[PDB]
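Please read the structure below before turning to the comments.
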Amino acid sequence: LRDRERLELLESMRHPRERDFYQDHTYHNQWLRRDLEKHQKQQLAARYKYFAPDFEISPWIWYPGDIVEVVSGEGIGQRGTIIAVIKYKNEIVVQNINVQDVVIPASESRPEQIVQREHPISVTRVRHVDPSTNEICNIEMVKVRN
Amino acid sequence: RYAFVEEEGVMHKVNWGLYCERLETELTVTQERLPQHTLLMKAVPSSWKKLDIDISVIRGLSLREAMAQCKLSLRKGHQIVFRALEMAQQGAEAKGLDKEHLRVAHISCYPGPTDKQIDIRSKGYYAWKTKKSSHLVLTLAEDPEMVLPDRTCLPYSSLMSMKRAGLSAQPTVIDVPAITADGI
Amino acid sequence: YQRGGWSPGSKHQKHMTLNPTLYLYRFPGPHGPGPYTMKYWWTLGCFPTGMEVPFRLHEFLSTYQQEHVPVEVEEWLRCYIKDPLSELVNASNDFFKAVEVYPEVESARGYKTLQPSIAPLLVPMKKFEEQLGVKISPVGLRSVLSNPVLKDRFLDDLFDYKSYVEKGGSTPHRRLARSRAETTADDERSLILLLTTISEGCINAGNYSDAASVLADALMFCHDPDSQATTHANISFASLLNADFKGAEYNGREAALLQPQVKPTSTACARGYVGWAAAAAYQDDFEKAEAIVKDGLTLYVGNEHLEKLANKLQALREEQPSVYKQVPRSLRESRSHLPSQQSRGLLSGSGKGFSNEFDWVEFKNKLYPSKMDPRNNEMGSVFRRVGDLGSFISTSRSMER
Amino acid sequence: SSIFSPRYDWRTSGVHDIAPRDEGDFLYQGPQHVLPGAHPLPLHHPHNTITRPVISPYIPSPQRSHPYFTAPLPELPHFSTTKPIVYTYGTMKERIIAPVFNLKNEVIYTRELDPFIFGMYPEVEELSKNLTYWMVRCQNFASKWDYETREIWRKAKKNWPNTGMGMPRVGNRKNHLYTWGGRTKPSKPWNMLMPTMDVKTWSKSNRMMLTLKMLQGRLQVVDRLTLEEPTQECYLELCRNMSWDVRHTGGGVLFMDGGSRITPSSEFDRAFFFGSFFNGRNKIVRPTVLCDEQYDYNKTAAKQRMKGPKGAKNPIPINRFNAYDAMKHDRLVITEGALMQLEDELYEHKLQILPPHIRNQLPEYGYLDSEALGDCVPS
Amino acid sequence: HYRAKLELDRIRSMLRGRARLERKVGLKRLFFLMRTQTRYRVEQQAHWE
Amino acid sequence: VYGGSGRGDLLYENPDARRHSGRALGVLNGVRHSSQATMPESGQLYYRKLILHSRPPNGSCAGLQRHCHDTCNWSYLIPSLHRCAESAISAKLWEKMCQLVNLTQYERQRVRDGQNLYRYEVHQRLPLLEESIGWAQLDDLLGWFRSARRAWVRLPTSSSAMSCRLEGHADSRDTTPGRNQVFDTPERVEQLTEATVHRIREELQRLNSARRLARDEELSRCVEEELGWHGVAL
Amino acid sequence: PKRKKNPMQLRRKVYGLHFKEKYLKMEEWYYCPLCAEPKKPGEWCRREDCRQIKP
Amino acid sequence: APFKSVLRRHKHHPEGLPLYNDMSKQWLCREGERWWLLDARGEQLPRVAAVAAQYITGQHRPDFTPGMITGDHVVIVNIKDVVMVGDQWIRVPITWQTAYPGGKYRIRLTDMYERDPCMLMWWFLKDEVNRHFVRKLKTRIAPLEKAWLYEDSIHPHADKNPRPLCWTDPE
RNA sequence: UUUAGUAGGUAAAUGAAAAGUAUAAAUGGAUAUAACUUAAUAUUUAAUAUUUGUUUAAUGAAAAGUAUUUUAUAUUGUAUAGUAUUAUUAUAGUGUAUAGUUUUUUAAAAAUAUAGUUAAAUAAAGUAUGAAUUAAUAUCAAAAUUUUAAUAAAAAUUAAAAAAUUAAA
RNA sequence: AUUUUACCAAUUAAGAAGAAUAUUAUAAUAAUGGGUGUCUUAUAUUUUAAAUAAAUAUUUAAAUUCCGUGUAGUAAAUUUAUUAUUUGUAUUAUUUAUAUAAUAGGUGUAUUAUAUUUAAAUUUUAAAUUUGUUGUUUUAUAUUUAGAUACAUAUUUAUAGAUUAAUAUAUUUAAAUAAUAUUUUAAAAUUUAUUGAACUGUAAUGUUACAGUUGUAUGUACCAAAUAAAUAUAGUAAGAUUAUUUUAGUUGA
Ligand code: FES
């Protein structure tokens with residue numbers, strides 16, 4: 001009954017005689033810059049931990065079009081091509097590795113449709129594969145004068 | 001990770017993940033296959049102490065009589081129970097259970113969230129009034145052998161008043177031939 | 001002075017000197033926000049104290065992020081929608097498989113065995129309903145599967161529907177595309193028969209509203225005159241059992257009007273006449289019912305249903321002299337006698353102490369207290385206390401208003 | 001729990017699942033059956049030669065006073081001791097001769113070991129003195145800081161009268177009774193203690209520990225501890241060749257680098273010191289067992305801003321050889337340079353310990369040939 | 001001071017209502033019962049039997 | 001055995017051992033004597049009876065008023081095995097195996113774990129299946145064979161996992177009564193396979209429109225292919 | 001307001017009769033012949049037929 | 001644990017109080033019961049009461065158990081002829097009391113006899129039964145109901161053949 | 001209440017772990033323990049007190065509020081006090097006199113407050129909401145008698161004390 | 001025809017990052033008062049003084065003295081130095097949250113004394129206080145948690161008197177040179193520095209002026225006022241004080 005959908009049901013169930021005063025205004029001013037609850041702060045940090053300074057990877061060896069193999073997580077040993085890369089999150093999107101349904105809420109012109117797209121994968125999970133060796137190989141950034 | 005299970009008198013290692021997923025799947029499917037619909041209403045606007053009384057009143061009744069008593073009562077708990085019964089009846093209808101054979105197999109409440117309100121008092125004293133809420137569990141099962149009392153009977157006063165008005169004491173029952181698809 | 005803990009959540013009393021506090025009108029407790037604080041949250045947008053910081057990030061993620069879609073994706077999703085014909089074929093296949101593998105009820109002696117719950121049939125049913133634009137009643141399906149004869153008459157119809165659809169026939173889709181004329185096809189006839197079987201199961205269960213809805217969908221599908229007559233008769237009977245006299249009368253009249261288009265062998269016309277007469281009788285117009293029965297007899301002399309209804313009306317007529325006339329026009333419908341009517345009254349009836357004209361009054365789409373009801377300026381109405389807004393006196397009485 | 005308490009046996013069922021495992025659970029056939037780990041003595045670390053093999057000519061049997069050679073066998077070029085050996089009180093009174101290995105894990109010759117160093121029979125009281133000193137000294141005293149009543153940051157004023165309110169008489173509630181409050185006498189780094197060790201006791205205990213390792217056969221003399229390159233791969237390769245188990249769960253190795261026989265050095269070899277930085281358990285220590293005489297300038301609270309524990313202000317450095325490290329690391333490796341330095345630094349102490357009727361004979365037998373006086377070529 | 005806390009909480013299930021629900025009340029009642037039973041056994045049970 | 005895992009329950013629960021607990025037990029609900037404070041005498045039949053029967057009804061067991069579930073129904077037991085096999089082996093892997101020995105080590109270990117889990121589940125469900133043989137159904141027996149095939153376990157009709165009995169010396173096995181242990185698992189499974197084959201034959205004999213013709217044809221083709229795969233005829 | 005109460009001391013009230021009459025009562029009702037709703041004798045609706053003839 | 005309901009049977013309740021002779025309880029056994037006849041002619045009232053109580057409470061049986069309430073019925077006859085040693089008939093008081101302030105009733109054995117001698121015998125039997133069992137209402141009550149009193153020599157228990165009760169005094 | 005058997009070291013008050021004292025790493029109870037000062041929580045009081053929104057005759061400042069005036073309608077700024085509250089309660093400076101300038105439940109009684117002798121009104125239970133002082137307490141303490149170290153429901157004897165609801169010191 | 005007595009029962013496995021660039025100590029290299037939504041204007045933005053102080057001192061002797069309130073250059077610019085967001089989550093150790101809850105439809109009795117079911121018997125607080133040892137006195141609703149410091153032990157280098165008032169005399173047997181600590185809560189307190197006249201009390205004509213060795217009963221709902229700092233002979237107030245199964249002397253001198 002704490003949901004907006006059941007708010008009307010809750011109000012109807014509540015007796016008429018019991019009155020709730022501050023329906024439109026409030027005693028304490030609500031335009032003061034104050035903090036949130038500890039659990040809310042923790043949820044914010046967990047949801048966006050990439051806001052921290054120097055969160056990205058400095059060398060950043062991972063670029064689209066490379067070939068990598070997953071070393072940990074759901075799919076282990078499966079390799080593919082990096083479809084996309086999210087640098088500020090340190091995430092990768094590799095074809096046919098992490099496929100999950102992507103629901104789309106219905107609208108006035110179309111109904112709900114379920115679509116599957118590769119989801120981002122943590123950078124540390126995958127390792128580069130050398131095309132010549134076709135095996136897992138350590139990579140390092142190098143500088144060359146073209 | 002392996003889980004030990006007693007098999008043939010000795011402990012045997014099985015895949016722990018498969019073991020857990022199988023256990024949870026079996027529990028869920030067994031509960032679903034049970035011929036009953038269970039509903040949980042959270043944050044009921046009624047103190048659990050008071051709501052327990054109405055729950056005990058409504059306990060162990062057929063759905064018809066439970067609804068009738070809740071509608072004929074004047075209690076917050078009874079109104080909440082009526083709402084819960086309506087929701088559970090809709091759920092049972094969607095699940096396929098037979099409405100005419102529905103019965104209440106479990107009705108209980110336990111304390112839920114609790115808001116607090118400040119109540120000023122003279123001499124500078126104050127306290128915190130407690131706004132209580134309850135969690136209501138309502139289970140509707142089916143009892144095909146259940147036989148319901150005949151409540152269509154009405155007082156002789158009503159009978160003779162209707163007779164004076166010209167109405168018929170008995171219902172005007174008309175035989176209704178069953179639907180058929182012979183013409184198709 | 002101080003008796004309990006210093007925190008606001010402590011129960012017992014405190015004093016201003018020892019434990020001074022701010023004026024917190026109402027705040028959550030140790031066990032999380034309650035219904036009252038959540039009502040404040042949804043209405044005012046924040047807890048009534050105001051010291052709390054609104055935080056609906058999870059709600060935003062649930063609604064706005066989920067419903068957000070770029071223009072190109074929104075434009076291409078419609079083009080990449082699945083194939084309706086193949087999806088319908090797969091839905092029919094899985095539905096038939098589930099129905100076939102549904103276990104048969106054990107005929108126990110001495111008591112009634114509980115019918116096994118239908119868990120796996122819902123999803124196939126849901127997809128089949130979505131594909132065909134029809135709505136099947138789970139209670140009806142349960143009853144059909146429990147009954148052995150109805151189970152076979154449903155399985156054969158479903159198999160015929162599957163075969164005719166796989167043979168390349170989608171009558172509803174083809175008709176819709178052409179409209180964007182002909183008669184009913186084998187596939188459409190099989191679908192109508194399946195829906196009629198489901199409706200019969202619903203009637204056996206007691207769910208007359210579901211039976212009527214299923215038969216209405218079948219009527220929508222059908223286009224043949226004979227199928228229309230039969231479906232109208234079935235809908236009339238279902239509405240009579242469901243206590244929908246206007247619908248029953250309309251369907252019976254439509255069947256009796258379609259009579260000429262139907263061959264003599266069919267009895268749908270007689271069924272429609274019987275339904276119309278029964279609707280009139282329930283509406284308490286005995287003269288009209290007798291006239292309709294007379295017309296039905298003149299049309300099809302010897303019909304068993306017409307003879308039975310004529311005998312019942314004759315018995316009612318023999319009882320009438322006790323009243324010396326028919327039911328007066330004043331009431332003409334007051335008495336209620338159907339179990340469907342009793343169930344409706346039990347469900348939607350105005351309860352004592354709530355769900356009445358004194359508890360809450362439903363405005364256009366909103367709930368109001370009885371005092372604010374715009375349908376009556378009774379002694380408990382705020383409208384009574386208004387008067388003489390400034391334009392004119394507007395009332396002769398000079399004590400209030 | 002306590003053996004005598006009823007709680008020791010209040011549980012009577014459910015400890016074991018009566019169904020045994022099908023993997024390794026077995027039955028007791030009889031006395032002829034050899035059970036793993038079974039041994040009549042209470043061995044808290046039931047190791048054998050396969051688990052933690054000993055580097056010595058013989059397994060330390062009770063028949064032998066020590067696993068090492070008792071005579072200079074002619075198969076090898078036996079080397080005498082750098083300084084003459086005099087059997088002081090506590091020495092084993094037996095000749096200690098041990099084989100010296102090279103970087104290839106093969107013996108090259110044999111070397112005499114001084115009884116005063118590797119022949120002082122161990123004693124548990126002295127070893128425990130050393131161990132307790134090391135354990136107390138190796139704490140992070142800076143982390144032993146706790147708040148105090150005067151540090152709780154609360155208003156210095158009675159919070160309410162004695163009797164007016166109705167609650168217990170409490171004023172300036174910074175006390176330990178309150179969760180936010182502190183302690184009258186909390187633990188502080190400057191209040192903690194750092195024990196003061198005596199050079200005599202430290203040397204005696206270290207030599208007892210060395211003798212204990214020698215008796216257990218964990219001692220190994222190596223000609224050199226140099227690496228081809230200062231990397232870690234070379235160090236790991238040397239460990240593999242020498243059969244040193246430096247894993248975190250292999251037994252461990254303690255190294256007294258020092259130097260070779262011809263060029264003893266007080267500084268660790270550069271390449272080996274650089275390459276010995278490895279995760280696994282492997283410790284490098286100085287070639288000395290003595291310790292600088294500990295002192296405490298702040299023996300009284302004269303320097304009020306001293307943020308250090310009361311006691312010795314010159315604790316033994318971590319890398320110094322100690323009983324704790326000797327016990328933790330299975331094998332001990334000592335170089336010829338380390339032996340030379342130990343004998344050189346302990347010769348004077350041994351001679352001073354010797355009684356007078358032997359001290360007077362020392363010069364007669366030639367144990368006091370001073371290079372400074374020209375009696376002998378410089379050592 | 002030692003009291004049979006752990007030993008008596010085990011049998012705290014043998015009491016009724018408040019004693020069985022609240023640890024302190026049950027422990028006090030069980031301690032009193034044990035002491036009284038000991039006294040009765042050592043000074044009156046033999047006489048009665 | 002009342003409050004814990006019972007006859008056909010899959011969860012393994014040692015009632016005496018306080019596993020799955022976040023608290024050290026302070027109060028023992030089933031207590032007969034005050035001496036049980038320090039001498040609970042758990043394990044003894046009568047006191048253990050008291051304790052276990054005082055334990056509340058968990059999810060496995062059901063209260064006297066709550067409606068139980070017909071777990072002893074063949075039409076439920078068979079789909080349970082089918083779901084077990086489906087979860088153990090993914091649809092992709094099942095399709096790959098059917099099309100096809102070149103498999104990944106992870107896939108091979110997954111198949112072995114699935115076979116082991118299926119064998120354990122069959123061991124647990126064996127008494128219920130044996131009791132429910134009589135009033136089973138042909139579709140459910142065909143589903144039993146299909147579930148065995150999907151799990152990839154070849155039933156011992158006389159890879160293979162049922163044919164070999166689990167290791168363990170007979171002097172250490174749990175012979176305690178009241179626990180549904182099946183020491184002769186391969187023999188019991190072979191007897192069950194023969195019984196279900198005979199039941200299928202009897203059902204077909206008893207059974208002997210386009211929908212029903214197609215049903216009979218598909219049923220015969222299934223029966224034939226499944227029995228051939230499992231190494232059975234008729 | 002002098003001492004705490006125990007569960008049995010609280011259950012004395014339910015033992016009594018006033019509690020049962022105030023809380024644990026079942027209403028006798030029937031289906032109204034006109035509106036087919038649950039109805040208690042002596043109470044009727046505001047519909048014209050109900051007012052004229054009171055079931 | 002055991003719980004005796006607060007809703008007890010009260011003398012003011014229509015259900016009334018029971019007769020333990022017709023009751024059926026785990027601690028009641030009338031199978032081994034016998035019937036004795038005690039002729040209290042010329043026998044001192046306290047001695048008669050003690051002798052009767054010994055058989056009534058069942059203490060005269062070697063299988064006696066304090067928990068079990070089993071005893072032989074005793075028909076006391078000629079209670080009118082019961083003797084008191086000396087002037088005790090008027091110098092021995094019987095005292096009871098009501099909850100009212102006045103409350104106290106002091107009466108003489110002469111008055112108790114003039115009202116009902118069986119009442120006096122019942123009083124003395126009650127005194128003995130309380131002397132031996134006082135802590136339980138059932139124990140205090142049941143033996144008294146086992147006892148039978150008759151002032152005359154005529155009793156209706158002839159259909160039970162109550163054997164005469166023979167005993168000897170301490171002297 | 002002048003003794004044995006069996007338990008069982010001894011004739012009564014200075015805790016016990018071989019598991020971070022870690023090489024130990026999937027089934028280690030390391031169960032190793034403050035009834036009154038701390039903090040939080042759950043109860044009793046509590047079926048409680050309180051609350052209950054069907055009727056209005058009358059201020060044009062400022063300190064005081066800051067409660068999002070979508071565009072409220074030279075420069076700058078318009079509405080929504082204080083007593084911890086939407087409370088006893090008009091903040092009155094100026095100034096004026098027909099704007100009806102509009103939120104106070106309920107079917108009795110006690111008690112309590114108001115209201116043709118002599119020197120009769122108002123405040124219910126119940127539906128609904130829901131505090132506070134208090135709280136060692138076993139399902140509890142009818143009563144009388146007798147006695148023990150100060151009230152002694154502490155002891156003993158004697159006796160016979162039903163449950164709920166309201167009121168009464 | 002009709003109908004199922006009254007009473008009595010129990011807390012546990014936790015669904016999800018609703019716990020870390022976290023808590024405390026630790027860096028001997030920075031430093032003109034940090035203030036973002038800031039954003040001219042400097043008659044109007046000035047804090048200095050030879051003293052125990054944001055600079056802080058290695059021992060027991062003698063010695064003024066009515067309880068001796070007490071110890072020197074150690075190296076001379078010599079390294080005991082007031083450190084500090086990362087070129088290691090800086091390092092090392094240390095500490096850590098009560099959001100969340102179906103639990104069972106009847107083992108004991110049924111005319112009243114209290115857990116262990118053969119019926120009975122026993123049973124009806126604890127701690128401190130009270131030394132005339134109580135019936136005096138005080139505290140405790142319950143759950144979980146917080147809560148208090150006298151080093152139970154000294155292995156070879158090694159070596160230790162006394163004595164007179166004083167001079168002096170010194171026939172004549174030991175020894176493991178180690179110091180730092182010392183319950184806990186609470187005194188009518190007093191001391192230092194500071195604010196308050198919107199309340200109240202005066203003078204002036206709502207406002208102004210006067211204030212804690214003190215202004216005019218009171219000075220902002222405890223007038224020996226309020227705010228900030230402090231651990232006074234806490235002693236000759238009182239209370240509390242964490243570890244069962246024990247192993248030896250006196251019970252009013
Ligand atoms: S129709 Fe039922 S009350 Fe009028």
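Quick note on naming: the chains in the structure tokens go A, B, ... in the order shown, residues restart at 1 in each chain, and ligands are numbered from 1 in order of appearance.
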Produce as a PDB file with N, CA and C atoms, in the first residue's frame the set of residues near ligand 1, where near means within 7 Å with only C-alpha atoms (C1' of nucleotides) and all ligand atoms considered.
```
ATOM      1  N   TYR G  31     -29.789 -12.503   1.505  1.00  0.00           N
ATOM      2  CA  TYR G  31     -29.770 -11.787   0.236  1.00  0.00           C
ATOM      3  C   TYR G  31     -31.101 -11.074   0.041  1.00  0.00           C
ATOM      4  N   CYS G  32     -31.046  -9.763  -0.150  1.00  0.00           N
ATOM      5  CA  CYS G  32     -32.261  -8.987  -0.332  1.00  0.00           C
ATOM      6  C   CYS G  32     -33.000  -9.475  -1.575  1.00  0.00           C
ATOM      7  N   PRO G  33     -34.308  -9.729  -1.493  1.00  0.00           N
ATOM      8  CA  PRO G  33     -35.026 -10.214  -2.681  1.00  0.00           C
ATOM      9  C   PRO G  33     -35.039  -9.223  -3.829  1.00  0.00           C
ATOM     10  N   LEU G  34     -34.819  -7.935  -3.565  1.00  0.00           N
ATOM     11  CA  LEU G  34     -34.880  -6.917  -4.609  1.00  0.00           C
ATOM     12  C   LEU G  34     -33.503  -6.635  -5.207  1.00  0.00           C
ATOM     13  N   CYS G  35     -32.558  -6.184  -4.383  1.00  0.00           N
ATOM     14  CA  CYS G  35     -31.229  -5.835  -4.866  1.00  0.00           C
ATOM     15  C   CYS G  35     -30.251  -7.001  -4.823  1.00  0.00           C
ATOM     16  N   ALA G  36     -30.635  -8.131  -4.231  1.00  0.00           N
ATOM     17  CA  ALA G  36     -29.784  -9.318  -4.186  1.00  0.00           C
ATOM     18  C   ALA G  36     -28.444  -9.033  -3.515  1.00  0.00           C
ATOM     19  N   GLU G  37     -28.410  -8.048  -2.627  1.00  0.00           N
ATOM     20  CA  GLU G  37     -27.222  -7.720  -1.858  1.00  0.00           C
ATOM     21  C   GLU G  37     -27.330  -8.281  -0.451  1.00  0.00           C
ATOM     22  N   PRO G  38     -26.205  -8.494   0.231  1.00  0.00           N
ATOM     23  CA  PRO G  38     -26.280  -8.862   1.647  1.00  0.00           C
ATOM     24  C   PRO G  38     -27.035  -7.798   2.425  1.00  0.00           C
ATOM     25  N   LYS G  39     -27.858  -8.245   3.366  1.00  0.00           N
ATOM     26  CA  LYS G  39     -28.759  -7.344   4.063  1.00  0.00           C
ATOM     27  C   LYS G  39     -29.081  -7.928   5.428  1.00  0.00           C
ATOM     28  N   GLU G  43     -32.925  -3.139   8.300  1.00  0.00           N
ATOM     29  CA  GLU G  43     -32.232  -2.091   7.567  1.00  0.00           C
ATOM     30  C   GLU G  43     -32.455  -2.294   6.077  1.00  0.00           C
ATOM     31  N   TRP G  44     -32.737  -1.204   5.367  1.00  0.00           N
ATOM     32  CA  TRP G  44     -33.127  -1.279   3.965  1.00  0.00           C
ATOM     33  C   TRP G  44     -32.347  -0.226   3.184  1.00  0.00           C
ATOM     34  N   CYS G  45     -32.686  -0.080   1.909  1.00  0.00           N
ATOM     35  CA  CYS G  45     -32.016   0.836   0.998  1.00  0.00           C
ATOM     36  C   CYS G  45     -32.847   2.104   0.840  1.00  0.00           C
ATOM     37  N   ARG G  47     -33.673   2.947  -2.344  1.00  0.00           N
ATOM     38  CA  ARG G  47     -34.374   2.741  -3.602  1.00  0.00           C
ATOM     39  C   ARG G  47     -35.878   2.833  -3.380  1.00  0.00           C
ATOM     40  N   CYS G  50     -37.550  -0.454  -2.357  1.00  0.00           N
ATOM     41  CA  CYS G  50     -37.193  -0.809  -0.987  1.00  0.00           C
ATOM     42  C   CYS G  50     -37.927   0.058   0.026  1.00  0.00           C
ATOM     43  N   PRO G  55     -37.897  -5.225   2.546  1.00  0.00           N
ATOM     44  CA  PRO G  55     -37.543  -6.626   2.786  1.00  0.00           C
ATOM     45  C   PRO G  55     -36.841  -6.826   4.124  1.00  0.00           C
TER      46      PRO G  55
END
```
* Asked: What lies within 12 Å of residue 11 (chain G) using only C-alpha atoms (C1' of nucleotides), ignoring chain neighbours under 2 positions off, as a PyMOL selection string?
  -> (chain E and resi 17) or (chain G and resi 5-9+13-17+19-20) or (chain H and resi 5-7) or (chain I and resi 139+163-164) or (chain J and resi 7-8)
* **Surrounding residues of region 310-317 of chain D excluding itself and chain neighbours under 5 positions, 7 Å, only C-alpha atoms (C1' of nucleotides), as a ChimeraX atom specification** => /D:190-196,291,294-296,299
* What are the residues of chain D that have an atom within 10 Å of an atom of chain B, counting only C-alpha atoms, as JSON, numbers by chain? -> {"D": [17, 18, 19, 20, 21, 22, 23, 25]}
Can you check which parts of chain I lie within 10 Å of chain E? Per residue, the shortest pair of atoms and distance in Å to one decimal, counting only C-alpha atoms (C1' of nucleotides), sorted by chain and number, as CSV.
```
residue,atom,partner,partner_atom,distance
I:1,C1',E:43,CA,9.2
I:31,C1',E:6,CA,7.9
I:33,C1',E:2,CA,7.0
I:34,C1',E:1,CA,8.1
I:35,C1',E:24,CA,6.9
I:136,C1',E:25,CA,9.2
I:137,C1',E:25,CA,8.4
I:138,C1',E:29,CA,7.0
I:139,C1',E:16,CA,9.0
```
* Please report as a PyMOL selection string which residues of chain F come no farther than 12 Å from chain H, using only C-alpha atoms. => chain F and resi 29-33
* Figure out the distance between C1' of residue 235 (chain J) and CA of residue 148 (chain D), please, to one decimal in Å. =>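 For CA of residue 148 (chain D) relative to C1' of residue 235 (chain J), the distance reads 25.1 Å.
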* chain E contacts on chain J, only C-alpha atoms (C1' of nucleotides), 12 Å, as a PyMOL selection string -> chain J and resi 8-11+114-116+120-127+140-144+241-245
